[PDB]
Structures are given as structure tokens and as C-alpha cells.
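Below is query.cif, holding mmCIF, C-alpha atoms.
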data_work
loop_
_atom_site.label_atom_id
_atom_site.label_comp_id
_atom_site.auth_asym_id
_atom_site.auth_seq_id
_atom_site.Cartn_x
_atom_site.Cartn_y
_atom_site.Cartn_z
CA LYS N 299 75.35 89.26 97.05
CA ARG N 300 78.19 91.40 95.76
CA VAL N 301 79.71 94.52 97.28
CA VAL N 302 80.64 97.31 94.86
CA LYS N 303 82.66 100.27 96.12
CA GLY N 304 84.50 103.21 94.64
CA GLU N 305 84.21 105.90 92.03
CA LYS N 306 82.28 103.71 89.64
CA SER N 307 79.12 103.86 87.56
CA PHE N 308 77.28 100.92 86.04
CA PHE N 309 73.85 99.60 85.07
CA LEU N 310 71.75 97.26 87.16
CA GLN N 311 71.38 94.40 84.68
CA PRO N 312 68.01 92.55 84.72
CA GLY N 313 67.61 90.35 87.76
CA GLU N 314 69.95 92.42 89.89
CA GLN N 315 68.81 94.80 92.62
CA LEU N 316 70.45 97.13 95.07
CA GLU N 317 70.02 95.91 98.64
CA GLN N 318 69.62 99.19 100.51
CA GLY N 319 70.37 101.86 97.91
CA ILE N 320 73.57 103.79 97.42
CA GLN N 321 75.37 103.58 100.76
CA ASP N 322 78.28 105.63 102.05
CA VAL N 323 81.51 104.26 103.41
CA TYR N 324 82.57 104.35 107.07
CA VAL N 325 85.38 106.85 107.58
CA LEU N 326 86.66 106.81 111.15
CA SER N 327 88.90 109.06 113.17
CA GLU N 328 91.36 107.65 115.68
CA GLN N 329 88.76 108.40 118.37
CA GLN N 330 86.17 106.16 116.68
CA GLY N 331 85.78 102.43 116.38
CA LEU N 332 83.45 99.78 115.00
CA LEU N 333 82.34 96.57 116.66
CA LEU N 334 81.43 94.00 114.05
CA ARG N 335 80.55 90.30 113.97
CA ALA N 336 81.39 87.54 111.52
CA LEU N 337 78.55 85.62 109.94
CA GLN N 338 80.74 83.05 108.15
CA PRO N 339 84.41 82.05 108.42
CA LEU N 340 86.35 84.71 106.57
CA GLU N 341 89.85 85.93 105.75
CA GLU N 342 90.60 89.65 105.50
CA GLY N 343 94.21 90.56 104.82
CA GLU N 344 94.01 94.36 104.67
CA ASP N 345 97.63 94.70 105.84
CA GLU N 346 100.46 92.15 105.49
CA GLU N 347 99.00 89.90 108.18
CA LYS N 348 95.80 87.86 107.94
CA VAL N 349 93.06 87.77 110.55
CA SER N 350 90.93 84.63 110.39
CA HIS N 351 87.57 84.68 112.08
CA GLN N 352 85.03 82.03 112.99
CA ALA N 353 81.32 82.00 112.35
CA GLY N 354 80.27 83.81 115.52
CA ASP N 355 83.24 86.02 116.34
CA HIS N 356 83.55 89.68 117.18
CA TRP N 357 86.43 92.07 116.71
CA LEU N 358 87.01 95.79 116.95
CA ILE N 359 87.98 98.22 114.22
CA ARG N 360 89.68 101.38 115.43
CA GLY N 361 91.85 104.08 113.94
CA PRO N 362 91.79 106.65 111.16
CA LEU N 363 90.67 104.60 108.17
CA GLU N 364 87.85 104.04 105.71
CA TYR N 365 85.96 100.77 106.08
CA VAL N 366 83.41 99.28 103.69
CA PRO N 367 81.47 96.33 105.14
CA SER N 368 82.07 92.94 103.58
CA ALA N 369 79.25 90.58 102.70
CA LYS N 370 80.27 88.13 105.43
CA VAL N 371 80.63 90.79 108.15
CA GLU N 372 77.86 92.54 110.09
CA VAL N 373 78.37 95.91 111.78
CA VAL N 374 77.16 95.68 115.39
CA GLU N 375 78.02 98.94 117.13
CA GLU N 376 79.79 102.25 116.62
CA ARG N 377 82.25 103.04 119.42
CA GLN N 378 83.98 106.21 120.55
CA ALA N 379 86.83 106.45 122.99
CA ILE N 380 86.23 107.81 126.49
CA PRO N 381 88.38 110.85 127.43
CA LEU N 382 89.98 110.45 130.85
CA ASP N 383 92.18 112.77 132.84
CA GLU N 384 94.97 111.43 135.00
CA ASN N 385 93.28 110.31 138.26
CA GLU N 386 89.97 109.78 136.51
CA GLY N 387 88.73 106.37 135.50
CA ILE N 388 85.91 103.99 134.69
CA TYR N 389 84.95 100.43 135.67
CA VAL N 390 84.94 97.94 132.83
CA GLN N 391 83.98 94.27 132.87
CA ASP N 392 85.57 91.63 130.66
CA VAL N 393 82.44 89.55 130.06
CA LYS N 394 84.39 86.60 128.65
CA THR N 395 85.76 85.94 132.14
CA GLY N 396 83.84 88.32 134.39
CA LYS N 397 86.77 90.29 135.81
CA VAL N 398 85.61 93.81 136.52
CA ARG N 399 88.54 96.20 136.96
CA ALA N 400 89.23 99.95 136.99
CA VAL N 401 91.04 101.53 134.05
CA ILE N 402 92.46 104.88 135.15
CA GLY N 403 94.57 107.46 133.36
CA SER N 404 94.72 107.91 129.60
CA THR N 405 91.72 108.03 127.30
CA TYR N 406 90.33 104.61 126.63
CA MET N 407 88.27 102.68 124.11
CA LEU N 408 86.59 99.55 125.47
CA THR N 409 87.75 96.69 123.27
CA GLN N 410 85.81 93.60 122.32
CA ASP N 411 84.32 91.67 125.26
CA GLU N 412 84.29 94.75 127.51
CA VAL N 413 81.27 96.54 128.95
CA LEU N 414 80.84 99.22 131.60
CA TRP N 415 80.34 97.94 135.14
CA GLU N 416 78.31 100.01 137.57
CA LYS N 417 79.66 100.27 141.10
CA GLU N 418 76.96 100.41 143.76
CA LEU N 419 77.33 102.02 147.16
CA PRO N 420 75.80 101.46 150.62
CA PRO N 421 73.02 103.83 151.75
CA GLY N 422 74.34 107.17 152.91
CA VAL N 423 77.87 106.86 151.53
CA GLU N 424 76.76 108.67 148.36
CA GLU N 425 75.40 111.56 150.43
CA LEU N 426 78.75 111.78 152.21
CA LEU N 427 80.97 111.70 149.12
CA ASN N 428 79.64 114.96 147.68
CA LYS N 429 79.25 116.88 150.96
CA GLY N 430 82.91 116.24 151.82
CA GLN N 431 84.19 118.73 149.23
CA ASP N 432 83.73 121.56 151.77
CA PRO N 433 81.85 120.18 154.81
CA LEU N 434 82.88 123.14 156.97
CA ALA N 435 79.76 124.38 158.73
CA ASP N 436 78.43 120.84 158.99
CA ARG N 437 81.64 119.94 160.80
CA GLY N 438 81.01 122.99 162.97
CA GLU N 439 77.52 121.94 164.05
CA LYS A 299 84.27 116.36 91.26
CA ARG A 300 86.80 118.96 90.20
CA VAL A 301 87.91 122.09 92.02
CA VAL A 302 88.46 125.19 89.89
CA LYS A 303 90.08 128.25 91.43
CA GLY A 304 91.52 131.54 90.26
CA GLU A 305 90.88 134.40 87.91
CA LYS A 306 89.24 132.21 85.31
CA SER A 307 86.08 132.15 83.22
CA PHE A 308 84.63 129.16 81.41
CA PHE A 309 81.41 127.50 80.28
CA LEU A 310 79.63 124.72 82.13
CA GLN A 311 79.63 122.09 79.39
CA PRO A 312 76.53 119.83 79.22
CA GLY A 313 76.42 117.32 82.03
CA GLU A 314 78.48 119.45 84.37
CA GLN A 315 77.05 121.39 87.30
CA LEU A 316 78.38 123.68 89.98
CA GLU A 317 78.13 122.08 93.41
CA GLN A 318 77.30 125.09 95.58
CA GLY A 319 77.70 128.07 93.25
CA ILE A 320 80.61 130.42 92.98
CA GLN A 321 82.44 130.14 96.30
CA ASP A 322 85.06 132.42 97.80
CA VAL A 323 88.45 131.35 99.05
CA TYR A 324 89.49 131.23 102.72
CA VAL A 325 91.96 134.02 103.49
CA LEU A 326 93.24 133.80 107.05
CA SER A 327 95.18 136.13 109.30
CA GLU A 328 97.80 134.81 111.69
CA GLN A 329 95.14 134.96 114.41
CA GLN A 330 92.86 132.58 112.49
CA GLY A 331 92.95 128.87 111.83
CA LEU A 332 90.98 126.08 110.19
CA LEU A 333 90.31 122.61 111.53
CA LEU A 334 89.73 120.21 108.68
CA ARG A 335 89.33 116.45 108.24
CA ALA A 336 90.52 114.07 105.55
CA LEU A 337 87.94 111.95 103.77
CA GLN A 338 90.44 109.87 101.77
CA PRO A 339 94.21 109.33 101.98
CA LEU A 340 95.79 112.38 100.41
CA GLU A 341 99.10 114.12 99.74
CA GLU A 342 99.35 117.91 99.85
CA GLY A 343 102.82 119.34 99.29
CA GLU A 344 102.13 123.08 99.50
CA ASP A 345 105.67 123.77 100.73
CA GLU A 346 108.81 121.65 100.16
CA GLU A 347 107.66 118.99 102.62
CA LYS A 348 104.76 116.58 102.16
CA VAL A 349 102.05 115.90 104.73
CA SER A 350 100.35 112.53 104.24
CA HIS A 351 97.01 111.99 105.90
CA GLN A 352 94.84 108.96 106.54
CA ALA A 353 91.17 108.51 105.86
CA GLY A 354 89.90 109.86 109.17
CA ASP A 355 92.56 112.34 110.23
CA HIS A 356 92.40 115.92 111.41
CA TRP A 357 94.94 118.69 111.19
CA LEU A 358 95.04 122.42 111.79
CA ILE A 359 95.67 125.20 109.31
CA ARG A 360 96.95 128.42 110.83
CA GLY A 361 98.75 131.51 109.62
CA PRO A 362 98.35 134.30 107.09
CA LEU A 363 97.49 132.43 103.92
CA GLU A 364 94.76 131.74 101.39
CA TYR A 365 93.32 128.23 101.43
CA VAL A 366 90.97 126.66 98.88
CA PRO A 367 89.44 123.36 100.03
CA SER A 368 90.47 120.24 98.17
CA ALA A 369 87.98 117.63 97.04
CA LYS A 370 89.31 115.08 99.54
CA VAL A 371 89.33 117.49 102.50
CA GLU A 372 86.37 118.68 104.57
CA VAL A 373 86.43 121.91 106.58
CA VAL A 374 85.28 121.18 110.14
CA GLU A 375 85.71 124.35 112.18
CA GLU A 376 87.04 127.89 112.00
CA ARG A 377 89.38 128.73 114.89
CA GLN A 378 90.69 131.97 116.33
CA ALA A 379 93.49 132.34 118.81
CA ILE A 380 92.73 133.28 122.41
CA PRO A 381 94.47 136.46 123.66
CA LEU A 382 96.11 135.95 127.04
CA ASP A 383 98.01 138.35 129.26
CA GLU A 384 100.94 137.17 131.31
CA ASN A 385 99.43 135.54 134.44
CA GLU A 386 96.21 134.75 132.61
CA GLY A 387 95.42 131.33 131.27
CA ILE A 388 92.93 128.68 130.22
CA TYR A 389 92.45 124.96 130.85
CA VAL A 390 92.75 122.77 127.78
CA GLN A 391 92.27 119.02 127.47
CA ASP A 392 94.19 116.83 125.04
CA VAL A 393 91.35 114.43 124.21
CA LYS A 394 93.66 111.91 122.55
CA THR A 395 95.12 111.09 125.97
CA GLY A 396 92.91 112.98 128.42
CA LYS A 397 95.56 115.17 130.04
CA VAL A 398 93.95 118.43 131.07
CA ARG A 399 96.56 121.12 131.76
CA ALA A 400 96.75 124.91 132.15
CA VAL A 401 98.34 126.99 129.40
CA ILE A 402 99.31 130.37 130.82
CA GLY A 403 101.06 133.36 129.30
CA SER A 404 101.14 134.18 125.60
CA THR A 405 98.15 134.13 123.29
CA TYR A 406 97.21 130.64 122.29
CA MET A 407 95.41 128.71 119.58
CA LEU A 408 94.16 125.27 120.62
CA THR A 409 95.67 122.81 118.18
CA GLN A 410 94.14 119.60 116.92
CA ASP A 411 92.93 117.22 119.65
CA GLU A 412 92.50 120.04 122.18
CA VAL A 413 89.28 121.28 123.75
CA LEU A 414 88.51 123.62 126.64
CA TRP A 415 88.19 121.96 130.04
CA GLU A 416 85.92 123.50 132.63
CA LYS A 417 87.24 123.60 136.18
CA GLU A 418 84.55 123.14 138.82
CA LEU A 419 84.71 124.45 142.36
CA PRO A 420 83.28 123.38 145.73
CA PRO A 421 80.22 125.24 147.05
CA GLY A 422 81.09 128.60 148.54
CA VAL A 423 84.63 128.89 147.17
CA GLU A 424 83.29 130.82 144.17
CA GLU A 425 81.57 133.31 146.49
CA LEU A 426 84.87 133.79 148.32
CA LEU A 427 87.07 134.30 145.26
CA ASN A 428 85.32 137.47 144.12
CA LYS A 429 84.71 139.00 147.57
CA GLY A 430 88.41 138.77 148.39
CA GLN A 431 89.36 141.64 146.06
CA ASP A 432 88.54 144.12 148.85
CA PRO A 433 86.86 142.24 151.73
CA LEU A 434 87.51 145.08 154.17
CA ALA A 435 84.25 145.74 156.01
CA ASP A 436 83.40 142.05 155.92
CA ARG A 437 86.70 141.40 157.67
CA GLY A 438 85.68 144.12 160.11
CA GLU A 439 82.37 142.54 161.05
#

Please re-express this file's structure in C-alpha cells.
Amino acid sequence: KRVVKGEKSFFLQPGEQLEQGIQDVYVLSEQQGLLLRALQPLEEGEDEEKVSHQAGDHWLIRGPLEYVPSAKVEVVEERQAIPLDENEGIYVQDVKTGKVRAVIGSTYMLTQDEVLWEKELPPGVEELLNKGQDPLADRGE
Amino acid sequence: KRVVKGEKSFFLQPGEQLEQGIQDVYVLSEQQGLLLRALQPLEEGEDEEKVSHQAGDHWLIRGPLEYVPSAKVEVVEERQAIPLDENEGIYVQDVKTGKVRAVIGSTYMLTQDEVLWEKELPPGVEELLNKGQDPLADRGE
């Protein structure tokens, strides 16, 4: 395969074929991210540094930038951040280890190897959490 | 593409085409603003300074001026200010962090990365806020 991008016009020479038509590039705000897996060992030096991936890896792409998918890379998931007030939070689980924790405070984008963990409650505690906002008359009788 | 603006008349040469017809420019009062996103990295030095944007950014355009959209810029939203008396206010949320606050006083235009946050109340408090303007006879019996 061969990936062609940009303001460019050309002829499909005989033998060639477009894979999935004319596709449009991924522009991303700083509230948006891409999860994407490597099919083959690759080297992508977009900036001065060089990230080197293995043939099964994942990584996350976040920020305000325009990304065109390489031929060796597969896009897995589109991510957004999660907006959190101070004294709000969510429970995330690092599935590489298992360590579920609570991230609380600023807005947060789950990185690679993180998934949302549900917290489960004993029977009747959930009915007491919401009533306790103003349980006045209940407290009365 | 190519953006043509002004008192000007010309012929569409063969091959060319207008995108969406003859369009009219955005004139804006100082109570009106535009939210608009960058598609590609751009440089727009309208004044002496130079704002440099990335390929996913947002920014806000406010004031009394006439704005014609560039080819690299996309208009996202038209904003107005919100008129506020002293000791009135609204709850806005900076979604880049999450920090919901209360802006109170002068009239206010939500900048980039701000959205309105709803404040929710316990059951029965809302019925007591409005009755307390003159709760005379209720207080009596």
C-alpha cells in the first residue's frame, strides 16, 4: 500500500486502486484523542524524538493536531476527555497491572491501558445515599 | 479554494465554481462574538501581533468588527454576551480543567473552553426559595 495525503491531484495508473475512497484527515482538539495499535514495528519521528513501537503495541494520540494514519498503524478508538469539577471524580483501572484507583479533580483523559471501573454497593446503601440530601421528615418519623 | 471579498466584480473562468454562492460578511457588535476552529496551522496578523494556531484549536472573536472567514478557519458558533446586574450571576465551567465557578456582576461573554453549568438542588429547597419572598401567612399558620 501507499498513503497519499495533501493538496494533490493525480491519476490512478493501471493496476492501482484506492482502498476506501478519498478519506479525510483526523483533526483533533486538545479535548480529543486517538487510541491506535501498531501492526508492524515502526518508527515515527514527528517531533525531534523518535517513538519506536512493537508489533502489538498501543499508544495514545492527544492534543490539537492533524493526524493521517500510517500504513503500519491501525486506529482503534476515538477518545474524549472527561470534564471533572474539583471534588468530582471517576474510577479507572490500569488493566496492565489491575490497580483500580480514583482520579479526582481536573478534567481527565484515560490514557493507554486504562478503562473505567464500576464501583458496586451493598443493598440499601444506594437508597440511603440519595435520600440523605435532605432527609428531614424521614428523620422526623 | 480561494476567498474573494470586497467591492469587486469578476467572471468565473472555466473550471472555477462558487462554493456556496455570494456570501455576506460577518459584522459584529461589541455584544457579539464568534467561536471558530482551525483546520490547519495558520497565521493571522490582523493587528500588529500574530496569533498562531494549531490544527485543532479554538479561539473567540469578539468586538465591533467585520470578519470574513478564511479558508483554513471554520466558524463553529455565534455568541452573544449575557447581561448581568450587580448581584446577579451565572455558573460557568472551564471544560479544559473542570473548574465550575460563579461569575457575578458585569455583563459577561463566555470565552473559549467555557460552558454553562447547571446547579442542582435537593428536593424541597426549590419550593422554599420562591415562597420566601413574602411567606407571611404561611409563617402565621

Requested in this report: Mind checking which residues fall within 9 Å of residue 400 in chain N, counting only C-alpha atoms, ignoring those fewer than 2 positions away in the same chain, and posting them as an MDAnalysis selection string?
Outcome: chainID N and resid 387:391 398 402

I'd like the contact shell of residue 300 in chain N - 10 Å cut-off, all atoms listed in the file, skipping same-chain residues fewer than 3 positions apart - returned as an MDAnalysis selection string. chainID N and resid 303 316:317 368:369

Any chance you can output those residues with C-alpha atoms as a compact mmCIF listing (two decimals), in the frame of the given file?
# COMPACT_ATOMS: atom_id res chain seq x y z
CA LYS N 303 82.66 100.27 96.12
CA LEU N 316 70.45 97.13 95.07
CA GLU N 317 70.02 95.91 98.64
CA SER N 368 82.07 92.94 103.58
CA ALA N 369 79.25 90.58 102.70

Closest of N:299, N:335, N:360, N:417 to residue 372 in chain N, counting only C-alpha atoms, is N:335

**OP:** With a cut-off of 9 Å and counting all atoms listed in the file, select all residues of chain N in contact with chain A and give the selection as a list in words.
**Re:** residues 325, 326, 327, 328, 329, 361, 362, 363, 364, 379, 380, 381, 382, 383, 384, 403, 404, 405, 406, 431 and 432 of chain N

The distance between CA of residue 410 in chain N and CA of residue 359 in chain N is 9.6 Å

Here CA of residue 366 in chain N and CA of residue 323 in chain N stand apart by 5.3 Å

From CA of residue 377 in chain N to CA of residue 414 in chain N the spacing works out at 12.8 Å

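Nearest residue to residue 331 in chain N, choosing from N:413, N:407, N:435, N:427 and counting all atoms listed in the file: N:407.
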
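What the PyMOL selection byres ((chain A and resi 341) around 6) matches in the given file is residues 340, 342 and 350 of chain A.
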
For the residues selected in the previous step, produce a file with C-alpha atoms as a PDB file, in the coordinates of the input.
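Everything below was put into result_32.pdb:
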ATOM      1  CA  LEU A 340      95.790 112.380 100.410  1.00  0.00           C
ATOM      2  CA  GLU A 342      99.350 117.910  99.850  1.00  0.00           C
ATOM      3  CA  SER A 350     100.350 112.530 104.240  1.00  0.00           C
TER       4      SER A 350
END

Legend entry - For residue 409 in chain A: contacts at 9 Å, all atoms listed in the file, fewer than 4 positions along chain excluded, given as a count of residues only: 4

Reconstruct N, CA and C atoms of range 315-350 of chain N from the incomplete input and present them as an mmCIF file, in the frame of the given file.
data_model
loop_
_atom_site.group_PDB
_atom_site.id
_atom_site.type_symbol
_atom_site.label_atom_id
_atom_site.label_comp_id
_atom_site.auth_asym_id
_atom_site.auth_seq_id
_atom_site.Cartn_x
_atom_site.Cartn_y
_atom_site.Cartn_z
ATOM 1 N N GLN N 315 69.516 93.845 91.779
ATOM 2 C CA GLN N 315 68.810 94.800 92.620
ATOM 3 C C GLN N 315 69.785 95.326 93.643
ATOM 4 N N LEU N 316 69.702 96.614 93.946
ATOM 5 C CA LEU N 316 70.450 97.130 95.070
ATOM 6 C C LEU N 316 69.764 96.753 96.373
ATOM 7 N N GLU N 317 70.570 96.387 97.372
ATOM 8 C CA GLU N 317 70.020 95.910 98.640
ATOM 9 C C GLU N 317 69.367 97.036 99.421
ATOM 10 N N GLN N 318 70.104 98.113 99.667
ATOM 11 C CA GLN N 318 69.620 99.190 100.510
ATOM 12 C C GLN N 318 69.964 100.551 99.904
ATOM 13 N N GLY N 319 70.077 100.619 98.588
ATOM 14 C CA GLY N 319 70.370 101.860 97.910
ATOM 15 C C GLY N 319 71.856 102.121 97.848
ATOM 16 N N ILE N 320 72.186 103.327 97.403
ATOM 17 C CA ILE N 320 73.570 103.790 97.420
ATOM 18 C C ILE N 320 73.917 104.133 98.859
ATOM 19 N N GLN N 321 74.908 103.445 99.393
ATOM 20 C CA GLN N 321 75.370 103.580 100.760
ATOM 21 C C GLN N 321 76.717 104.284 100.772
ATOM 22 N N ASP N 322 77.028 104.903 101.900
ATOM 23 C CA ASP N 322 78.280 105.630 102.050
ATOM 24 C C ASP N 322 79.202 104.928 103.024
ATOM 25 N N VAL N 323 80.495 105.055 102.752
ATOM 26 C CA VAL N 323 81.510 104.260 103.410
ATOM 27 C C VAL N 323 81.773 104.806 104.803
ATOM 28 N N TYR N 324 82.251 103.947 105.703
ATOM 29 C CA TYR N 324 82.570 104.350 107.070
ATOM 30 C C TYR N 324 83.975 104.913 107.150
ATOM 31 N N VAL N 325 84.106 106.230 107.235
ATOM 32 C CA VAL N 325 85.380 106.850 107.580
ATOM 33 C C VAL N 325 85.384 107.082 109.084
ATOM 34 N N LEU N 326 86.539 106.864 109.699
ATOM 35 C CA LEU N 326 86.660 106.810 111.150
ATOM 36 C C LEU N 326 87.895 107.562 111.575
ATOM 37 N N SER N 327 87.751 108.397 112.593
ATOM 38 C CA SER N 327 88.900 109.060 113.170
ATOM 39 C C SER N 327 89.622 108.087 114.098
ATOM 40 N N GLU N 328 90.719 108.522 114.703
ATOM 41 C CA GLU N 328 91.360 107.650 115.680
ATOM 42 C C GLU N 328 90.657 107.661 117.028
ATOM 43 N N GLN N 329 89.598 108.444 117.187
ATOM 44 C CA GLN N 329 88.760 108.400 118.370
ATOM 45 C C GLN N 329 87.497 107.589 118.151
ATOM 46 N N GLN N 330 87.402 106.856 117.043
ATOM 47 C CA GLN N 330 86.170 106.160 116.680
ATOM 48 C C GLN N 330 86.463 104.737 116.262
ATOM 49 N N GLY N 331 85.586 103.827 116.664
ATOM 50 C CA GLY N 331 85.780 102.430 116.380
ATOM 51 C C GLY N 331 84.470 101.743 116.037
ATOM 52 N N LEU N 332 84.593 100.592 115.385
ATOM 53 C CA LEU N 332 83.450 99.780 115.000
ATOM 54 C C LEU N 332 83.555 98.407 115.636
ATOM 55 N N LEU N 333 82.464 97.945 116.226
ATOM 56 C CA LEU N 333 82.340 96.570 116.660
ATOM 57 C C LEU N 333 81.548 95.824 115.607
ATOM 58 N N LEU N 334 82.073 94.692 115.150
ATOM 59 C CA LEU N 334 81.430 94.000 114.050
ATOM 60 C C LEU N 334 81.655 92.494 114.088
ATOM 61 N N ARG N 335 80.591 91.746 113.790
ATOM 62 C CA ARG N 335 80.550 90.300 113.970
ATOM 63 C C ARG N 335 80.701 89.578 112.639
ATOM 64 N N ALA N 336 81.255 88.378 112.701
ATOM 65 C CA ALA N 336 81.390 87.540 111.520
ATOM 66 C C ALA N 336 80.207 86.606 111.408
ATOM 67 N N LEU N 337 79.633 86.543 110.215
ATOM 68 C CA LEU N 337 78.550 85.620 109.940
ATOM 69 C C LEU N 337 79.049 84.269 109.463
ATOM 70 N N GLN N 338 80.163 84.245 108.755
ATOM 71 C CA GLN N 338 80.740 83.050 108.150
ATOM 72 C C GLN N 338 82.236 83.129 108.370
ATOM 73 N N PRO N 339 82.944 82.000 108.303
ATOM 74 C CA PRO N 339 84.410 82.050 108.420
ATOM 75 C C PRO N 339 85.025 82.806 107.256
ATOM 76 N N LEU N 340 85.856 83.789 107.581
ATOM 77 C CA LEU N 340 86.350 84.710 106.570
ATOM 78 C C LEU N 340 87.849 84.899 106.742
ATOM 79 N N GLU N 341 88.445 85.548 105.745
ATOM 80 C CA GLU N 341 89.850 85.930 105.750
ATOM 81 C C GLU N 341 89.934 87.347 105.203
ATOM 82 N N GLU N 342 90.420 88.292 106.000
ATOM 83 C CA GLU N 342 90.600 89.650 105.500
ATOM 84 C C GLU N 342 92.018 90.133 105.786
ATOM 85 N N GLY N 343 92.859 90.059 104.759
ATOM 86 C CA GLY N 343 94.210 90.560 104.820
ATOM 87 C C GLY N 343 94.347 91.978 104.299
ATOM 88 N N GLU N 344 93.857 92.960 105.065
ATOM 89 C CA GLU N 344 94.010 94.360 104.670
ATOM 90 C C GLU N 344 95.480 94.768 104.659
ATOM 91 N N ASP N 345 96.192 94.483 105.741
ATOM 92 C CA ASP N 345 97.630 94.700 105.840
ATOM 93 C C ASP N 345 98.361 93.405 105.458
ATOM 94 N N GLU N 346 99.649 93.319 105.805
ATOM 95 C CA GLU N 346 100.460 92.150 105.490
ATOM 96 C C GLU N 346 99.948 90.897 106.196
ATOM 97 N N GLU N 347 99.487 91.044 107.434
ATOM 98 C CA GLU N 347 99.000 89.900 108.180
ATOM 99 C C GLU N 347 97.601 89.501 107.709
ATOM 100 N N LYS N 348 97.098 88.420 108.295
ATOM 101 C CA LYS N 348 95.800 87.860 107.940
ATOM 102 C C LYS N 348 95.068 87.497 109.217
ATOM 103 N N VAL N 349 93.939 88.148 109.462
ATOM 104 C CA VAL N 349 93.060 87.770 110.550
ATOM 105 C C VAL N 349 92.031 86.779 110.026
ATOM 106 N N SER N 350 91.828 85.704 110.771
ATOM 107 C CA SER N 350 90.930 84.630 110.390
ATOM 108 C C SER N 350 89.880 84.499 111.469
#
